[PDB]
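What follows draws every value from the coordinates through simple rules; no lab data is involved. Every residue, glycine as well, gets a Cβ built from its backbone with ideal geometry; the counts of neighbours run over all protein chains shown.
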Amino acid sequence: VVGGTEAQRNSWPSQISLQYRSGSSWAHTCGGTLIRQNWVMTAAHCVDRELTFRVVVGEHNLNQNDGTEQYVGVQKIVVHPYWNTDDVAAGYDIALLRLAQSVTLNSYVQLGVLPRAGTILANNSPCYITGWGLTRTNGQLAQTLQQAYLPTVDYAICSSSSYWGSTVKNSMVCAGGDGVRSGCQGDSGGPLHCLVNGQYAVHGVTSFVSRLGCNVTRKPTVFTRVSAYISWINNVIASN
Ligand SMILES: [Ca+2]
C-alpha cells in the first residue's frame, strides 16, 4: 500500500498473509480474506506459481512476533475456471484456498463479510485497501499492516479512455486513482473493505495496477468485484 497508515491490530481481522516457502524461510507474497474457518479468498494470479503456500491469520507485523498469529498450510487451491494468467484484464482473478486446519476466531481472526450478490457501489464510496505490499512503486514490503483510504471509481469513469479504457470490466471494482494512495505489489489477493449501511464488507480482491507504477493518477487500483462471484464461491465451498 502506497500512501497508507498503519492499521490498528484489530481493525481488519479477516486479512491474511499468503506466504510461500523460500529455502528455510517463508516469504509474504499476497493478501487474502478469511471467509470460513477453513477457507481463504485470494486472487488467482497469486497462486499461478507451483509453490508451497501457507496462510497466516492474526498477523500484524511480518517481521516480529505479534503473539496472535496462527500458521496453517494450504490443502487445496480452487482457481476460477475461466482465469487466464496471460489475460488479467479479462477478469476472473479469484481463487479459494482450503486450509489444512480450521483456524480459531478471536478479535484478531474473524470471517470477512461479503456483499450480497450483484451489489454495485455508488461512485466515490468510502473504502480502505489493506495489505503488506510495497510502500512505494519499486519499493519494499511493509512490515506492519497498512490501510489506505481509496474511494471507488464507478465503471463509467473507470472504463473511460483517460482511466483504464477497455481494460476494466464490470466484473471489477476500481478504487483510488489520486496519484498518492494505491495498492501495490504484495497487496494482491487482499481485501478492499467498503462501508455500507454501517458495516464494512469485502467488496474487492486486489488484482492489478498500471505497468507504469502503483500510485498513478487516473489508474485506480483494480479489484475483482466480489459481488459478481457469490454463487461461484458458495458452489466451490459446497462441493469441497
Ligand atoms: Ca507477526
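Below is a table of values for the structure above.
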quantity: On Cα atoms only, tilt of 230-239 relative to the major axis of the chain in degrees; calculated: 20
quantity: Dipole in debye (nearest 20) - the chain, about Cα centre, beta carbon charges: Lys, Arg +1; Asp, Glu -1; calculated: 140
quantity: Relative contact order for region 112-227, counting Cα pairs under 8 Å that sit 6 or more residues apart, in percent; calculated: 31
quantity: More than 33 Å apart - percent of Cα-Cα pairs taken over the chain; calculated: 9
quantity: Extension gain, residue 160 back to residue 240 (0.36 nm per residue minus Cα-Cα distance, nm); calculated: 24.8 nm
quantity: Counted charge near residue 106, where neighbours are those whose Cβ lies closer than 15 Å (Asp, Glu -1; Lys, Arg +1); calculated: -2
quantity: Charge dipole of region 112-227 about the Cα centre (unit charges at C-beta), most positive-ward option of 174, 125, 151; calculated: 174
quantity: Mean projection area, nm², convex hull over Cα of region 112-240; calculated: 8.2
quantity: Relative compactness, region 65-128, computed as alpha-carbon Rg over 2.2 N^0.38 Å; calculated: 1.52
quantity: Relative contact order of the chain, defined on C-alpha pairs under 8 angstrom at six or more residues apart (%); calculated: 24
quantity: Of every Cα-Cα pair in region 68-179, the percent that sits beyond 22 Å; calculated: 53
quantity: Amide N proximity, region 185-217 versus residue 167 label position 7 Å along Cα-to-Cβ, cut-off under 19 Å; calculated: 185-190, 205-217
quantity: Shape category assigned to region 130-198 from the gyration tensor of Cα positions, a/c cut at 1.5; calculated: oblate
